[PDB]
């Protein structure tokens, strides 16, 4: 016997589904459907407050976080837990990410907050979804789909106009920054396309057995990998050493006319340096689903920046990790993490923990001293 925790205040910050969340009940991660948690929490005597109002001065988020014991966020509409907000979150013990990537929490501040809060996410819930979105985005860019589709819809016909930037993925070199759950799954899906080579850069390598099974090669230096690739995909977390990593200087190490894909986090790239590299034709293409901040401001430059030929943009809202198949998995995973806390067992899956008991509980947010697994 362990005594369950009692009358726990849960705050969820999710995106509004409006009428969509009634047309399609599969939109679990919405303010309407509340990850299917409400009855489950209420039957135990806990309380749930859900909001999408998270950015403005005096937001519902800012009011409710002051006495929430558990805060659920979602990367697709992230309640930013800044040092200022954590300092006001007097009751906070557990911050759960409905999805993957907890960089919208100040993790260093979380470690110094209320004796060190637990920051957990649903590891593996979104990873296939994102890896497929990567391969899709790589092909969309390489085969110059977007301007071709626009030509059709506008009632025009000019095959040369869009074939002149159309390549095959076969015989191209593809590198991944990060070979964790997503980066390894990207390479697994690119195996069948007979790329000239599959490269990776990561301070946590694949086993030799997995390198030969997939057919990929570890590059020890990031700039040396960029110089060899036709395609680069970013699949690492956002932490101090990856914030603004893809600046003008690093992008200039990519090949002229290369393709860049970023489904990881917006703030890993410098948005003005991506736009200038596309506009001068150093990049042929940029695409992905992640932005900083989110929601992306209406005038964000990567909404509309193009290569010199009028193509090269394959951006979408932050959706790959919130496909209807991913939402079923991270909704179930959030309930599992909540049960670990509310039971008083604190029997978390170790791979779900980002920070815990005042220390980083992961090796994936930078190379660290003081990592306790």
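Residue numbers count along the first chain shown, from 1.
Just going by the entry, 192-200 versus 208-216 on mean CA temperature factor gives the higher value to 208-216.
According to the PDB record, 31-39 carries the higher mean C-alpha B-factor of the two stretches 31-39 and 308-316. For the set 24, 14, 364, 355, the maximum C-alpha B-factor listed in the entry falls on 24. Among all modelled residues in this chain, the alpha-carbon of residue 78 has a temperature factor (C-alpha) in the middle third. In the deposited entry, the Cα temperature factor of residue 276 places it in the middle third of its chain's modelled residues. Residue 141: CA B factor lies in the lowest third for its chain, per the PDB record. When the modelled residues of the chain are ordered by C-alpha B-factor, residue 151 sits in the lowest third. In this PDB entry, residue 89 carries a Cα temperature factor that places it within the highest third of its chain's modelled residues.
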